[PDB]
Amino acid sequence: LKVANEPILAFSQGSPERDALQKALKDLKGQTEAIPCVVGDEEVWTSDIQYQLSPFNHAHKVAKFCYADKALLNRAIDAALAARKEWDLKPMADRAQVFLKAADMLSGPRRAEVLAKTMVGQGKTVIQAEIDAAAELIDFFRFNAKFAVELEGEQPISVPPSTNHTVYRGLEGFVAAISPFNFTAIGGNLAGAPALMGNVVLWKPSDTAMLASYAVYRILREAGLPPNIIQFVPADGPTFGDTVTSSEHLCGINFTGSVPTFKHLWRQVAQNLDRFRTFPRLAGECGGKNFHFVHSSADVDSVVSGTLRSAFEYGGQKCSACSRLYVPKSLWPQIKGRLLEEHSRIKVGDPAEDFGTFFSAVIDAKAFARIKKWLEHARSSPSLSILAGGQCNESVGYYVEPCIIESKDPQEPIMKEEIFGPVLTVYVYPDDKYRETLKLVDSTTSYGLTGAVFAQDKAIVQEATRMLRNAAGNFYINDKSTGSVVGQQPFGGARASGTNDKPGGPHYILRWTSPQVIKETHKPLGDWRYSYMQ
């Protein structure tokens, strides 16, 4: 199966895509969608009513949904389990066709819709929605389809008089998919990739991405996904976790989110290990405290633009966002001056009404409060100085200005802890301490997700690459630490950053299949004795 990456559109004035997106945005203005839980084809409402708010205008309730209770979740499990055998017995190609059709729909007639719902519901600007809800999701669907179809061609050796064949079975049981607010595409992949491999899934989408998540769900159903293969089950986090880890039929958890939550689920599975019919597979992509490391030979313009984008795009709400910048003293006057000047030109505002907006409000009240706590810490710490930004205002939306901080302490808590907000901390190191500082990049935090080195000196790049081998699972030379592209930079890292199953690459789907090998022998067997025994 031949596939290539979905083009990223330019959205120039008067372009078809810009016109379509403007209309789709208008289609959502003032609208609230009532989004039910979906079990099979049944739309189910509980009394546990919840609302998703537009981050940049929280008066706008973009969706009303509800939390599935334990009983509803248990029903969803039973219904899914009953549909699994037939789905798993379907040829891989037939299952792939659903995702390829969904991809075509997202590429064309549904593009504007999913972009708009991601913009209005999650607070993304045009381009951030485009690389996510369109390109990345489309790529996940097309590339995983290719990988899965080609996996069936990975067959063992047959020697006469026997024929051997590997059957890539889905896992027996159900998979729980738990997706984060920050990428529409990640939800699609967490539920979609296991389903592609013959699994059935309870999908708990993020509250704060409900609108776009349901849009993806409906597209999958319209593209031909049968009932009870993916159940759409928003729920209270703990309740969902407690329920799925209590079922003897749990066979996997596909998680993206916080370290402590993933650890909790892992421990719940371990506590209940004697109840399960098989050993559940846990996949978890968690956060990072990602670096941009600058050598004195760096191209300053690239450092500045790459760092502004990595640190501040989508309000810094990326697992891969740069939050610690290491700069040699010799380059600091240039980089400081340029960062502060460009900072003053960044527009924070309504991304639907003003396409000039660089980034918008953070996701919700809780994120706003957490980020404010870090800004307050930056105003308190003896080693920290806010160079620019630091303002926030939640009267209309959850607006946090981009903030640039200098730390005199390379080990300050702000250098170690993931904020998930538009907060960049800079540490200036003496040029003659480059090596010691590279070691600090590696040793300071608990994370291992992304990092970049900016340098134009080959020996330096080779040395830094070797030294930072385990400091970053996605490592960048002269580029920003965010924006991995499916099939080009498979994404993930180790240390505390998760299990590193590399979604976006060819091996990810292997976590969602439990292979069976069939040997058929075409001639009757001989005696049980062996010739040497005579």
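So that there is no doubt, residue numbering starts at 1 and follows the sequence shown.
When the C-alpha B-factors of 43 to 51 and 60 to 68 are averaged, 43 to 51 comes out higher. Across the two stretches, 413 to 421 and 101 to 109, the PDB entry reports the greater mean Cα temperature factor for 101 to 109. Residue set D299, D354, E136, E222: peak C-alpha B-factor at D354 (per PDB entry). Each of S330, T307, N254, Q155 has a CA temperature factor in the record; the biggest one is found at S330. In the deposited entry, the Cα temperature factor of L510 sits in the middle third of values across the chain's modelled residues. Among all modelled residues in this chain, the alpha-carbon of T450 has a temperature factor (C-alpha) in the lowest third.
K502: CA B factor in the lowest third of modelled residues in this chain (values from the PDB entry). Among the modelled residues of its chain, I518 has a C-alpha B-factor that falls in the middle third according to the deposited record. Among the modelled residues of the chain, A212 sits in the lowest third by CA temperature factor in this PDB entry.
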